[PDB]
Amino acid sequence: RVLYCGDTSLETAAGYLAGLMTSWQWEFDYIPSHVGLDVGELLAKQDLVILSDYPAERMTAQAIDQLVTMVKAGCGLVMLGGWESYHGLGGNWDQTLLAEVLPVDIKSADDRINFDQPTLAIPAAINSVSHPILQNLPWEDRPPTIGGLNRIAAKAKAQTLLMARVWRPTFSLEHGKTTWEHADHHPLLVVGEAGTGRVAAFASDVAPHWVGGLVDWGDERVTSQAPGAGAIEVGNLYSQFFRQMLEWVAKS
């Protein structure tokens, strides 16, 4: 019982996670970014709610209060970054009561960071890799790249699992050599609890343009097509990482 809201439409960006969930044989309801969500039965019957490029204004205030209560009673909640997540440009989730249950502080000014140079997903601490979301993935052998994120900060009682390290390489024409220098870092995946529900904030996107190299993570390809969506072909480690994220939040 999963509700996925946003990423424009199935025929566009939502096709990625909808396709992943179809390949996992999960059942889900889907709401596109231009359709609203009100209090009631559709919201009531979920065990996992995923908000990704779904603007705050799409939810009525009473829908938000229902969701908040449901998460405290055990429902999983995950937010995935994008231009209409967190604060973004039209996300505005900092202005909602849902901010109280998310494990990150959200800015009240534009929080979008777009990377024109290489940025790697890296575990936050040496034992972050023991977390079920991070297990059995090649963080050391093959750190994946991301394209951007919303700038968010872990709350005091939250656990940061992944960072994003920004690199600013330079190239010498004369010597034919690239110099790697590191420049900034940002929280990338933060998890926590609200009552008996689990919550996760992923700062980057599951779909373009911010998902970046992560969408192709691995040496193999996973192909799928959610009903109503375009066919996808994506990395095996991409599928595995998002599956482990959503399974943990859902307490699968």
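Note that residue numbering follows the sequence shown and begins at 1.
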Next item on the list: May I ask you to compare 144 to 152 and 103 to 111 by their mean CA B factor in the entry and name the higher one?
Entry: 103 to 111
Check: Comparing 112 to 120 with 70 to 78, where is the mean C-alpha B-factor higher?
Finding: 70 to 78
Check: In this PDB entry, which of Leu134, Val166, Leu173, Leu89 has the top CA B-factor?
Finding: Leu173
Check: Against its chain's modelled residues, does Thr160's Cα B factor rank lowest, middle or highest third?
Finding: middle
Next item on the list: Looking at the entry's B-factor column for C-alpha atoms only, identify whether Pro55 ranks in the lowest, middle or highest third of its chain.
Entry: middle
Check: If you rank every modelled residue in this chain by C-alpha B factor, which third holds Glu193: lowest, middle or highest?
Finding: highest
Next item on the list: Would you check the entry's CA temperature factor for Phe28 and let me know if it's in the chain's lowest, middle or highest third?
Entry: highest
Next item on the list: Select lowest, middle or highest to describe the third in which the CA B-factor of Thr223 falls within its chain in this entry.
Entry: middle
